[PDB]
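Asks: Sequence first, structure after; it's an experimental one.
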Amino acid sequence: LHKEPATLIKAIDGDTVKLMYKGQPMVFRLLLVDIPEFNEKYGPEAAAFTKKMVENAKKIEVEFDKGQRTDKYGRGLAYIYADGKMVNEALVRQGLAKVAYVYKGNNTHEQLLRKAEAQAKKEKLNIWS
Ligand SMILES: Cc1cn([C@H]2C[C@H](OP(=O)(O)O)[C@@H](COP(=O)(O)O)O2)c(=O)[nH]c1=O
């Protein structure tokens, strides 16, 4: 897998962000995660976490997996990086997302995220509290 450049257009919520990628606006959906909805416990905290991460970043990068790159809604499916730190992993490590939507070909970082989820769950963090 390889990181590619992108620039933030707008934070949206815990697991979606609008990025300019190859000079076109796209909504990206974070691979391998599921978050509480905006009116469910921790929904707002997930949105705030991802917002700060992407807004404070000097450099955002998009890393597609091996399989499909857009979903049925036209959203990009990627691992997103903020100054080299993966947003998908950080959200999970904080107990603000669960590992989810693991489709065979687009699961390169599954075990990395599952390790983060186990740590959040041992810590009883947030959704695991
Ligand atoms: C994360 C992800 C979601 N999706 C689709 C499955 C779900 O379809 P349904 O809408 O039919 O439930 C939807 C979940 O996204 P959200 O969690 O953003 O709603 O996005 C993919 O198809 N591939 C993926 O990798």
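Replies: Structure received. Residues are numbered from 1 along each chain as shown.
Asks: What residues does the residue nearest to residue 112 when sequence neighbours are not counted make contact with?
Replies: The shortest distance from residue 112 to any non-neighbouring residue, by CB to CB, 6 or more residues apart in numbering, is to residue 89 (6.1 Å). C-betas here are computed from N, CA, C, even on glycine. Contacts for residue 89 (CB atoms under 8 Å, 6 or more residues apart in numbering) come out as 109, 112-113, 116.
Asks: do you know how far residue 89 is from the ligand?
Replies: Distance of residue 89 to the ligand, given as CB to the nearest ligand atom, to the nearest Å: 15 Å.
Asks: CSV for the contacts of residue 89, including secondary structure, distance to the ligand and neighbour count?
Replies: What follows is the contacts of residue 89, written out as CSV (DSSP: H, G, I helix; E, B strand; the rest coil; distance: CB to the nearest ligand atom, whole Å; neighbours: other CB atoms under 10 Å):
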residue, secondary structure, distance to the ligand, neighbour count
109, coil, 12, 20
112, helix, 16, 17
113, helix, 12, 25
116, helix, 17, 22
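Asks: Give the pairing partners of the longest strand along the chain; include direction for each.
Replies: The longest strand of the chain (DSSP state E) is strand 3-13. Applying DSSP bridges, strand 3-13 is found paired with strand 16-21 (antiparallel), strand 60-63 (antiparallel).
Asks: nearest to the ligand, of those strands?
Replies: Closest approach to the ligand among the strands paired with strand 3-13 is made by strand 16-21 (6.4 Å; CB to the nearest ligand atom).
Asks: Downstream of that closest one, the next helix or strand is which one?
Replies: Proceeding N to C from strand 16-21, the next assigned helix or strand is strand 24-30, under DSSP states H and E.
Asks: how much space between the closest residue to residue 83 other than its chain neighbours and the ligand?
Replies: Among residues not flanking residue 83 along the chain, residue 57 sits closest, at 5.1 Å (CB to CB, 6+ apart). Distance of residue 57 to the ligand, given as CB to the nearest ligand atom: 21 Å.
Asks: who touches residue 57 in this structure?
Replies: Counting by CB under 8 Å, 6+ apart, residue 57 touches 8, 82-83.
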